[PDB]
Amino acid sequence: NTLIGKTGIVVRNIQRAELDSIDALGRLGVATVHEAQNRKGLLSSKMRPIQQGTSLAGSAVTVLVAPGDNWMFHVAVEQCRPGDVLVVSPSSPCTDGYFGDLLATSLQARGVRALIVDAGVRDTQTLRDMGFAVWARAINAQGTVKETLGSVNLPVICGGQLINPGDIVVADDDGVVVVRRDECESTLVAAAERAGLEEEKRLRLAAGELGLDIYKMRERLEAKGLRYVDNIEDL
């Protein structure tokens, strides 16, 4: 896997998954997508949105930044296209404010959909006012420098998950999940299948049908040894 942690390199061309597929994954959401690919790819639950009610997806443009150093953000902007999501990880843990409204302005100018950053962000009310969506480990006004080289479009570890450039990142109020570029098709189909099933179940549950009956659980619960008593005094 070789190129992880390597600095001083910008890879220009990456293979992206396709806009329509990406858009659909965003609408299905993180929980459904995660489940659809057999519960893999979920980033640390410490990666949190700075806004409420936004669910989206995009193709990962990856960035490795030195600790306390945001030099590679401007380098990465040039490599972004509409539909991309910038995915940034520091080379060692850091919660400084790597990113704010100026970089967000530049990203929006390129049609970038969001930032996922395994570090801190600032100018957060301005980011919300601009409608630029961010998932971050911290909110921190502490600034960074521009001294040490990192990389753009090499694989990175972000929130405990490997992210390859061009992988699809899906992000919503619950968290962030990565979908492998080559698995995008299978994951989308599986997630939609799950979504269809859940909608039928939701209607049945809303009508007052019990899940125990819907999912046919009662016999298996009894076989495991579930016992009902009328009153706690019976025990």
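Residue numbers run from 1 along the displayed sequence.
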Exercise. Which wins on mean Cα temperature factor, 21 to 29 or 7 to 15?
Worked result: 7 to 15
For this session: Can you let me know which of the two, 109 to 117 or 146 to 154, has the higher average C-alpha B-factor in the entry?
Result: 146 to 154
For this session: Kindly indicate the residue among 178, 190, 210, 64 with the greatest C-alpha B-factor in the PDB record.
Result: 210
Problem set entry | Relative C-alpha B-factor of residue 76, binned into the chain's lowest, middle or highest third | middle
Exercise. How does residue 94 rank on Cα B-factor within its chain, lowest, middle or highest third?
Worked result: highest
For this session: Tell me, lowest, middle or highest third: where does the Cα B factor of residue 206 rank within its chain?
Result: middle
For this session: Report the third (lowest, middle or highest) to which the CA temperature factor of residue 182 belongs, ranking only the modelled residues of the same chain.
Result: highest
For this session: Grab the CA temperature factor for residue 52 from the record and place it in the lowest, middle or highest third of its chain.
Result: middle
